[PDB]
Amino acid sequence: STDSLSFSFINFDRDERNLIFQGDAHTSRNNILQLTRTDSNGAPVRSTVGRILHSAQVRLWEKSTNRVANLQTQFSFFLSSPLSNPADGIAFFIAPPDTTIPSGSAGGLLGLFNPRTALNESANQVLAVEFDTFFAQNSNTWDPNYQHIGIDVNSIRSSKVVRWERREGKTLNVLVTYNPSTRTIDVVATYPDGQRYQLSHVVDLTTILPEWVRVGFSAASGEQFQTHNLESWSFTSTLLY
């Protein structure tokens, strides 16, 4: 009785037919999705980007009946690094279906933006929820001066941020929703001990993205590095109104 699409992964098998793997994204022998490159011992390496998109296209709206999609997605990730200042982060993102890794998008651009246009909203079509671990003010000039979760609308400079603490190796469980009635992106992220982070932003997704999109994850490292380990992912979209 609705138009809808849903999928869930509890781990990531070696030859997954419904995922589009980009750049350095790969799977580990224990079915964890590794977004960024590792060496032969599984250690993270510099200057790497990897992404995945689900192959099923999501319809963001349907005009003739004035419907717009809601969206709900849950995912779990952890990060590992020997460094004091591990980098760069992982993001959930929504983009056109033919989206590809931009040139120059490693480091603090998180695999999402070209350096030429990273701060230029008119040149991009992307909504991302970022988990940003590296904020050095002399390179990541757009960042607040702390680790943070952000909502990114056509730019690596987030519209809203909240202070966040990276915890070496610990799973962060995230819920992201879009409510088309209030035009609100809501983010809730919780560590296993119950420590919670919340962030929201009003953005009408129909004004920034095309009718059909793909959804997925991106991660990068620059001169500093970490593994970006995606453990599980569920997603649902329903046309409403």
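All residue numbers are counted from 1 along the displayed sequence.
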* To do: With reference to the PDB entry, specify whether the mean Cα temperature factor is higher for 196-204 or for 65-73.
  => 65-73
* On average, which has the higher Cα B-factor in the deposited entry, 54-62 or 41-49? -> 54-62
* Compare the CA B factors listed in the entry for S103, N145, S81, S158 and report the winner. => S103
* Asked: Which one of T182, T36, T177, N173 shows the biggest C-alpha B-factor in the PDB entry?
  -> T182
* Asked: If you rank every modelled residue in this chain by C-alpha B factor, which third holds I10: lowest, middle or highest?
  -> highest
* To do: Give the position of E121 by CA B-factor within its chain, expressed as the lowest, middle or highest third.
  => highest
* To do: Using the B-factors in the PDB entry, rank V215's C-alpha atom against the chain and give the third, lowest, middle or highest.
  => middle
* Looking at the C-alpha B-factor of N114, is it in the lowest, middle or highest third of its chain? -> highest
* Asked: By the record's CA B-factor, is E165 among the lowest, middle or highest third of residues in the chain?
  -> middle
